[PDB]
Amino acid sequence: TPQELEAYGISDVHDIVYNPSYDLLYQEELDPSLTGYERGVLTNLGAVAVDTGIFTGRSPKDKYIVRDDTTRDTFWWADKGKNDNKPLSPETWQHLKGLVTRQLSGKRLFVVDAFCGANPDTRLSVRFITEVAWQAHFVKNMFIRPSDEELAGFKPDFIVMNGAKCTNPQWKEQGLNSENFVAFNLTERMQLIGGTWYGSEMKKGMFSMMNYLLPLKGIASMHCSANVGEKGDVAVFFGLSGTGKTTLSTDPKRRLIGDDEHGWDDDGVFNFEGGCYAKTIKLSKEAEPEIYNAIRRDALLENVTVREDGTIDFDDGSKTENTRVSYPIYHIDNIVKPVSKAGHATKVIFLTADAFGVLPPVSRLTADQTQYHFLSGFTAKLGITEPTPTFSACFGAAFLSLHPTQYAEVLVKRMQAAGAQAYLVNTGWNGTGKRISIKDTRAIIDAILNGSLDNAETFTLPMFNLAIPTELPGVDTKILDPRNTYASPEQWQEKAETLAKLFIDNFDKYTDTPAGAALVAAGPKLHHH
């Protein structure tokens, strides 16, 4: 009812589109009278493509959490290690809520009810409100779509109000970063968005809320993909953006659980989402056939270049390198169903893209190295190279609402109970200045998952002290030692000392506890220069 929407503060809504169907979203997006960033275009693959506007990725500098008596003593605050949980006053929150609700008043609104979390006992019932059809399409794809029975008794736990078309004229007076905002209030259980149209703010916004609620009751909440083999063996793949979680979990030899957000409770690993959000830059049908074949009607392409004849130039990063496609998870042929969950993970894989070309393609981690590298959360990026490091705790600090050690504690507990083994995989660069091929990386993953490596003979990489298998079927043995891809081990050593120092400085903040101090021994060792 409009009276219900009025309770949220939204007035005078003339048209309400509740639970829009995929067919209706399709015709909404292709309405030939739409102008601006609402407009979609039809590609020859059958999927609609849209432009997300000035924002082609998340805006962490615009993310704020209301600091009140619910969040004061439990949240990981940016002003109290480096994170994006910047404190917001309740008073300023109310002005922001006024901006969004006024913007959505007097509009035709899409209302999408969905779940975050595959399990009833821990899921959030989220109600999304937007005036942009492709934003409703995004959340229909990425969250769990309820059954008709579940919709009948749907009671929202959280409300997400997307006011992308409004901006905040008072941001200077309020001490905020810009006229845009992505704000959360755990007392009202609400997310507000202004200025940025980018859909994934809602996806990662609710992920951040799961990351707050689940560990506080003993459930790991993880930035990982996950899949399961025929023998019932579950694997999770942690990693930062672009390191290969979606690419590598979408494997026809295994049943996909999910590609990005999972919990781990007493029964096992469960997906938070109802879809996958794949990168499309330079997408190769031969290298990633399952992802490519998911691009069809009801998938939603973002910021790709579409030619006059409707074909897609997947290689064109002119608008952004972060070209994306969302699709409901059943667009992948080999998935777990009807519920995206499975048992306890026994293989835990940390993906990293090492632009420094130091780390080996695959290492088998000790228990302490697992905690050290989990808290470190390393990746790096590249007419100059300039390897630029990122240390993002738990491979997802941008989404952590509690302190990193709280995620580590619950993860270790779940791993120990399951007898899980951890591995570090460099999906990035070596001495060639090229990325390891997807073919080689998939073969590495195969060798991890089939037990090939759990007792294989190893040699130890200096300084990082990582155990590397001496051989691995399907991979050229030469590349297993990263020193072999340089003219001499001396070139590698110089870059390794740079990276080791980066790790050591970054890890210092964790040494104010005895447990954290103890983990220094498992990290890289550097005592000169």
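In case it trips you up, residue 1 is the first one in the sequence shown, and so on.
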Residue 382 to residue 383: deposited residues without atomic coordinates = 4 to 9
query = Taking residue 80 and residue 81 as adjacent modelled residues, how many residues of the deposited sequence between them have no coordinates (none, 1 to 3, 4 to 9, 10 or more)?
reply = 1 to 3
query = For the C-alpha atoms alone, is the average B factor greater in 413-421 or in 157-165, going by the entry?
reply = 413-421
task = Output the stretch having the higher mean C-alpha B factor in the entry; the candidates are 53-61 and 497-505.
result = 497-505
note = Among 131, 457, 113, 321, the highest C-alpha B-factor in the PDB entry belongs to 457
note = Based on the PDB entry, the highest CA temperature factor among the options 340, 135, 247, 452 is that of 452
request  = Would you mind checking where the Cα B-factor of residue 476 ranks among the modelled residues of its chain, as the lowest, middle or highest third?
outcome  = highest
message = Considering every modelled residue of the chain and its Cα B-factor in the PDB entry, is residue 21 in the lowest, middle or highest third?
response = lowest
ask   = Thinking about Cα B factors across the chain, which third does residue 434 belong to?
value = highest
Entry-reported Cα temperature factor of residue 280, expressed as the chain third it lands in = middle
ask   = Sorting the chain's CA B-factors, does residue 296 end up in the lowest, middle or highest third?
value = lowest
